[PDB]
Amino acid sequence: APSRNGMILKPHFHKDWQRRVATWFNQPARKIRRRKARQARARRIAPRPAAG
Amino acid sequence: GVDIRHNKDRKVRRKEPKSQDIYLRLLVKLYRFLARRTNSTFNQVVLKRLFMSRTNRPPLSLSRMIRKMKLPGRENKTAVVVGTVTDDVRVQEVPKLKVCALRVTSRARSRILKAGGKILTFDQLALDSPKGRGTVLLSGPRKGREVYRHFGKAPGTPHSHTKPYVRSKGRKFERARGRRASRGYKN
Amino acid sequence: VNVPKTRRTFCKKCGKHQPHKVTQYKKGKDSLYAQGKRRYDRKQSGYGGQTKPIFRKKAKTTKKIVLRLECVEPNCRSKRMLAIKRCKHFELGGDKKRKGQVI
Amino acid sequence: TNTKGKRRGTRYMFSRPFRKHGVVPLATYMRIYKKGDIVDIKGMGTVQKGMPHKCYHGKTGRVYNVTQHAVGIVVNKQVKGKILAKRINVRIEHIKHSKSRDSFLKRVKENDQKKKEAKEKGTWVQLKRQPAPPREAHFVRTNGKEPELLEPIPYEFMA
RNA sequence: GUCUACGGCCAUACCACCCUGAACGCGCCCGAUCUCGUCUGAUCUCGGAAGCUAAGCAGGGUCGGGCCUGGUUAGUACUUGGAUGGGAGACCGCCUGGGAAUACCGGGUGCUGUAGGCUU
RNA sequence: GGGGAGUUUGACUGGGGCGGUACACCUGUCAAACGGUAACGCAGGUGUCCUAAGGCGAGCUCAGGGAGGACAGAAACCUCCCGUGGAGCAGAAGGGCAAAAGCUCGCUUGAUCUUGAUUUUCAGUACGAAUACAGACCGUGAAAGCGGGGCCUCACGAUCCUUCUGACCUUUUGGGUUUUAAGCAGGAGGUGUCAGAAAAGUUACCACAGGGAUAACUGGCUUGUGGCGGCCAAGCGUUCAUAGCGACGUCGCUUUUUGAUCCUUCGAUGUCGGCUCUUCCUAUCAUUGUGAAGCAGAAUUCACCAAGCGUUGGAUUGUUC
RNA sequence: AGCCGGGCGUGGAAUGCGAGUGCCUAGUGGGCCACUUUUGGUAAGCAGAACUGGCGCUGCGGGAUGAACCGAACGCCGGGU
RNA sequence: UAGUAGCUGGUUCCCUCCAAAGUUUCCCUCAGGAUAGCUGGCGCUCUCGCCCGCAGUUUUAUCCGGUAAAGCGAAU
RNA sequence: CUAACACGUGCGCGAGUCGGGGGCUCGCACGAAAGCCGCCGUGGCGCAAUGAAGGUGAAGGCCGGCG
Ligand SMILES: [Mg+2]
Ligand SMILES: [Mg+2]
Ligand SMILES: [Mg+2]
Ligand SMILES: [Mg+2]
Ligand SMILES: [Mg+2]
Ligand SMILES: [Mg+2]
Ligand SMILES: [Mg+2]
Ligand SMILES: [Mg+2]
Ligand SMILES: [Mg+2]
Ligand SMILES: [Mg+2]
Ligand SMILES: [Mg+2]
Ligand SMILES: [Mg+2]
Ligand SMILES: [Mg+2]
Ligand SMILES: [Mg+2]
Ligand SMILES: [Mg+2]
Ligand SMILES: [Mg+2]
Ligand SMILES: [Mg+2]
Ligand SMILES: [Mg+2]
Ligand SMILES: [Mg+2]
Ligand SMILES: [Mg+2]
Ligand SMILES: [Mg+2]
Ligand SMILES: [Mg+2]
Ligand SMILES: [Mg+2]
Ligand SMILES: [Mg+2]
Ligand SMILES: [Mg+2]
Ligand SMILES: [Mg+2]
Ligand SMILES: [Mg+2]
Ligand SMILES: [Mg+2]
Ligand SMILES: [Mg+2]
Ligand SMILES: [Mg+2]
Ligand SMILES: [Mg+2]
Ligand SMILES: [Mg+2]
Ligand SMILES: [Zn+2]
């Protein structure tokens, strides 16, 4: 029920949103893995540009 | 039994800053002493404004300060503001001023120093003028915050130019029934 | 009520009082391709039965009838809608009544 | 509950006084109201145009706008726990200059005059209206006739 | 003393009957070509000046009606506030303040503004 | 197309239901001399009507009564006099109105286009209704003026959708033309449960969450109704108001009748009778002791102290009766 | 009517008292009783209103007892009334 | 599926200060909500140690009313 | 507890502000932390509103030159 004054809100939480939740606790590990793969490819292509 | 009411018995004004930093509290000590051992009320006003909160110490712009100090009679006096002096970019000519403030923007300080004025802090202000003679006490626009556009007489009510709380501005958001004579009524 | 077939009244296009021929406004035939109608058949088509409400609790026995005015000036011939209060029986320019006759 | 009609319960308030029906005397029409006069409201049922609502009958307001036939006046109305100073338009028949202000105006002129006078004389004069003071001491002279006795009369039934 | 034109307050000015009106005025009054309108020049409109205060109108009168203003009714009726007052109740008394209205008995019977006359 | 599916089956409310609408409005009263103020309080009205019954101007005065005039009369038409409204103004009521707001004529369409402000219910929001203006086009009158509906107080309707009207109007999405469609502004078509859902029943086969906010027992307050008792004394009693009664009145008592209410109890106080058994009340049927009779005796009445002791056996009916 | 400029302070009744203003906001939206006024009802510890004060939210002295009556409202104690 | 419940029941330490409402309007609204009202908290702008204002009060002026009473030799 | 919003408070910077995503740092006890990027500010919020839309889009006041 509306209080005295405020904004009308439409939260999009009428589905089973708690089953599909993407936590980001693997973000630093993902960054580390991407780095390691990047340096591995850079070593693999010996004199070639690393960027491509 | 005494026929009295205790509703407004306790006054709500601030006795001390809610902040916890030490520099402001040292300033408060100094100006407490000055206010209670000097008859000048400038010290009392400055101490009271030191007590106040951030939203009650709005920033003062360079254009406002030069505009209020260019008035006749108040030449070569020190402009005292308890807030923050922010730079105004839509002003080219800046004179030499004697400013005192708690904190000054880097660009504003550069502008004043280049123009030739000097920046003072409330400590050195105490040394220069304990009772504060030759001071022009200014303040920023307190009603400048945008929250004040939502206050007052409610919208959707005749002769009320109050901003509603809308999540997005557009033609589909609060424009149909109470805002048009074509659809229902117009307030 | 009785209303004459001619009325000298203001004309928006002419910007002055002009004679007007008046008739009774009747509702036009509902176009099949209005946006509301198209949305209505799009929603009704398929399964689920009736979707929008059907009004049934009629209560009023009369309705405000509208006079369609037309400026008699051939160059202008603009038209305007004019409505007056409700009436059960209504006629246009019939048997202008006279007083003090035999009942 | 009751009815919200605009003229409910006004059969005596908007009626005319006894043996005073008929043509409105023209002096009411021939009075001048300017901006800022204190004026009284008294609804007159003889004319129905511009009749004030019954809740302003007997109220005193201030004129803020003058128009061909009517006058706009600001008057206070007590609504629940608050008073609103609202402005209403009343035709000139239902209105009448308030004499509560002219007494104060005349007093102002008179004490200003007596202040201007005696200023050169240096004497003291009282201007504030003091409340009725207690009676001072005096002598009541009997003229040789002694006051007569007063006694209650005996009960004896009338009806 | 007073009238006419326009009024203000709208009976202290109205209503009924009776008496008196110098001068001006207001009227009644005499006619229907024109203006105008009617069944009818009765009304209205128009053109006049033989006669008259008869009437209107003005002033006055009535142990007049009414109206206006006082006394009486009356500190009665009613009523703000108070009591661990009375009474089975209905109601009543007191304290603190305010305070009416008929019947009945007196007095009065238009004031006045602007302009213009008459009383040479 | 109830074979089957989903769903609904208003509210108010001296329990609910039936009844009614007090559910949207208006008049008088309640209402306690500002305003506001309740009940299924009282008396009533509305969902319309009007090309004039709107707007001006002019001229007349109504209801009723008295006195007269061929048919003519109680009432047909004409004349005079009186006539403060006792008539009329569409409707309920109230207010208002006399060279008018009434009656009769003349001319008209201010019932027209448009932006704002204000009042009424009010939250001081809408709708509805209304009030002063202002800007154009007009009507009427010689004119001053008056008029943007009805003398005032009531006669009415959001969003979404549809329909009509308006502009050398905007968009119709890569550009251009034309149909079409969508916009902008103003009306209409509703929601009367009238601030506006699209809606039939039954359940004793029933279920759940609750409710003593609410019914069906008792118990409380009340006592109309029931029952019982007084005072007055018209009359009855052959004569005699009061041996015994007692009209027309009027004052009470009781809670063994019924009502009225809804205070307790709905996480339950086992809801008719009969059988059995005890105790209590007296408003006494009998017995003990008395007083009065229209008490000769017998029998029988009325009254007093008085509840100690008794107040049965059966047919019919579940019965209380 | 609005503008400017100028002159007037015995601050023009009594009494009392600092005042104005802005945000955010919980609970509540079953009430009951009493003097007086008052509607329905035969009446009711009934039903319905107006004003004020109470109870609810409140203990204390008195009315033996008691939500509302009379007195009086409350920190822990001594004395007095 | 820990389905929904305007409906019952429960809802855990101390002291200090302030302190209510059962009323208005709308709602298929009447055991509930929204909105005013009543509350608290946070402040802020000034003020006195000549003067400003305000008031559940009085006084002096000035208007407003149709109840109590009274009247029917006044209207209905 | 998460998300959104409103308001009040504390801190930094301030017409700007914010690396949250990514990358560079010999990856790695703590460390999945911390530091840095500035030609990684893309971008968000703010700095301009109004209109349905086509669109438009935020002072002026005095003297000399033909009251
Ligand atoms: Mg809430
Ligand atoms: Mg104390
Ligand atoms: Mg407080
Ligand atoms: Mg199909
Ligand atoms: Mg003649
Ligand atoms: Mg004469
Ligand atoms: Mg004569
Ligand atoms: Mg007389
Ligand atoms: Mg004269
Ligand atoms: Mg002579
Ligand atoms: Mg079925
Ligand atoms: Mg009153
Ligand atoms: Mg006329
Ligand atoms: Mg006009
Ligand atoms: Mg009419
Ligand atoms: Mg069966
Ligand atoms: Mg109960
Ligand atoms: Mg006999
Ligand atoms: Mg038991
Ligand atoms: Mg049991
Ligand atoms: Mg006995
Ligand atoms: Mg009660
Ligand atoms: Mg309290
Ligand atoms: Mg108490
Ligand atoms: Mg006792
Ligand atoms: Mg003690
Ligand atoms: Mg749970
Ligand atoms: Mg409920
Ligand atoms: Mg409950
Ligand atoms: Mg009354
Ligand atoms: Mg009476
Ligand atoms: Mg909030
Ligand atoms: Zn035209």
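Residues numbered from 1 in each chain as written, not as in the entry; some residues may be left out. Chains lettered and ligands numbered in written order. Part of a larger assembly, values for the part shown. Heavy atoms only, no water.

Method information in the entry identifies cryo-EM as the source of the structure, with 2.86 Å recorded as the resolution.

*Asks:* Account for the pairing of strand β4 (residues 66–71) of chain C, with residues named and values stated.
*Replies:* Residue and element names in this part refer to chain C. Counting buried residues in β4 gives five out of six residues, a clear majority hidden from the surface. Of the pairings in the sheet, the one linking strand β3 (residues 16–24) to β4 comprises five bridges and is antiparallel in character. Note on β4: the bridge partner recorded for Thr23 is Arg68. Sheet analysis places β4 next to strand β5 (residues 79–83), joined by five bridges and oriented antiparallel. (Buried < 20%, exposed > 50% of the residue type's maximum accessible area, 1.4 Å probe, protein only. Helix = DSSP H or I, 4+ residues; strand = E, 2+ residues; numbered from the N terminus. Pairing = 2+ DSSP bridges.)

*Asks:* Explain the protein's contact with RNA strand E to me, using residue names and the numbers behind them.
*Replies:* All names here are of chain D. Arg19, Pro25, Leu26 and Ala27 make up every residue found near RNA strand E. Counting only atoms of RNA strand E within 4 Å of the protein, the fraction found in sugar and phosphate groups is 88%. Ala27 places a polar main-chain atom, nitrogen or oxygen, 3.0 Å from a phosphate oxygen of RNA strand E. The residue makeup of the surface near RNA strand E, split by class, is three nonpolar, no polar and one charged. (Near = heavy atom within 4 Å. Polar contact = N/O pair within 3.5 Å; in protein donor to acceptor, adjacent residues only side chain to side chain. Nonpolar A, V, L, I, M, F, W, Y, C, P; charged D, E, K, R; others polar.)

*Asks:* Describe the coordination of the zinc ion (ligand 33), and please don't skip the residues or the numbers.
*Replies:* Residues and elements named next belong to chain C. Note on the zinc ion (ligand 33): its protein donors are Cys11 (SG), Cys14 (SG), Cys71 (SG) and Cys76 (SG). The metal-donor distances range over 2.3 Å. Viewed at the metal, the four donor atoms of the zinc ion (ligand 33) are separated by angles of 103 to 115 degrees, and the geometry they form is tetrahedral. The motif formed by the donor residues of the zinc ion (ligand 33), counted along the single chain, is C-x2-C-x56-C-x4-C. For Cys76, a relative accessible area of 9% translates into the label buried. (Donors = N, O, S within 2.8 Å, 3.2 Å for Na, K, Ca; no water. Tetrahedral: all angles 85-135°; square planar, octahedral: opposite > 155°, others 65-115°.)

*Asks:* So what's going on with the sheet that holds strand β6 (residues 118–120) of chain B? Residues and values would help.
*Replies:* Backbone-to-backbone hydrogen bonds join strands into a sheet, with any given pair of strands oriented parallel or antiparallel. Residue and element names in this part refer to chain B. The strand order across the open sheet formed by four strands is β6-β4-β2-β7, and the pairing between neighbours is parallel. Since the sheet does not close on itself, it has two edges, and those belong to β6 and β7 (135–138), each with one partner. Taking the axes of each pair of neighbouring strands and ignoring which way they run, one obtains an average angle of 25 degrees across the sheet. On the sheet, helix α2 (residues 41–51) packs against β2 (78–81) and β7 and is oriented at approximately 30 degrees with respect to β7. Packed onto the sheet, helix α3 (residues 62–69) meets β2, β4 (98–100) and β7 and runs at close to 135 degrees relative to β7. (Axes fitted to C-alpha atoms, helices over the stretch in contact; angles between N-to-C directions. Contact = heavy atoms within 4.5 Å.)

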